[PDB]
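Before any questions on binding or motion, here is one chain by itself as C-alpha cells, the form deposited without the partner chain.
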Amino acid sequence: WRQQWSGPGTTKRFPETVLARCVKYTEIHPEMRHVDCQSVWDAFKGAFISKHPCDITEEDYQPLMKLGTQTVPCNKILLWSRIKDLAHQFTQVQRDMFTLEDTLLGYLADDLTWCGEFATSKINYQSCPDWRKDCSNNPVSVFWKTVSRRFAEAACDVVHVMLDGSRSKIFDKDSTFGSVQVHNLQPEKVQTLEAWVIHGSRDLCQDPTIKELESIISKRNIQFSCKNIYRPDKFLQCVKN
C-alpha cells in the first residue's frame, strides 16, 4: 500500500531544477547576487516535506518568502489569466515590466509540480494531490496563493492584466486572478486596473464578464479601463514606440 493522488507527481529533477533556476536568476539579476541559493532550496523544501500534502499553510512558505523578498517596481506589474505564454513574451520585449513569474520565487516554481508526505523527508515523484479531486491545501496551490497575494498587494499606479479573448469566460471570477489577485490590489497605491483583451473580430470589452470585472474593481474604489488587442504580434512590436 502506497497512497495515490489524482495529480501528477513532483517533476523529475525538481530539486536540481529549482536550485539551477535560483543560481541562474541571481547571475542575470545582479541585485539578487547575495542570495544563498542552497538556503533558498532548503526553505522551499522545508515548507512541504514531512507534511501531509493537504495540510499546507501559507505560514509554511514564510521562510522561503523572506529569503526571496524582491519588491520590484510596483508600477511595472503585469497580471494575466489563462494566457501565460503571451504575457511572458510581452515582458521579454518590454523588459522593464514584471509578471509574478519574472520574480525570483515565481521564476523558481513556474511550470513545476511538487509534494512530499507525512513524517518522512521524501519527495513524492509518483503523485501529488489534485486541487479539485483530492484537496485544495496542497503544496503547489498554497505556494501560488501566497506569492500571488504578496505580489498583488505590492502593485501600484496602473496595474495591467492580460485576458484571453478566445475563452468562454474572458474574465473568470473562479481563478487565481479573479479570486485572489483582484481582491488584493490596494486602493491607496493602485489608481487603475487596465485590462488587455487578447484576440485569438469585434469589441470584446463589451463582454458580460468584463463588466463583472469592472463591478468588482469599482467596489474597491479602483478605476477600470479596457483595451482590445486585435493583432497580438503587432502589439508586441509597438509597446516601446
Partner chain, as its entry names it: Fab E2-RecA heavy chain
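Numbering follows the first chain given and starts at 1.
Below, we refer to the form solved in complex with the partner chain, which is not included among the displayed structures.
The closest non-hydrogen atom of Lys24 lies within 4.5 Å of the partner chain in the deposited bound form. At the 4.5 Å threshold, heavy atoms of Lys173 stay clear of the partner chain in the deposited bound form, well away from it. Counting a residue when any of its non-hydrogen atoms is within 4.5 Å of the partner chain in the deposited bound form, the hits in 29-65 run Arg33, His34, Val35, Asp36, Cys37.
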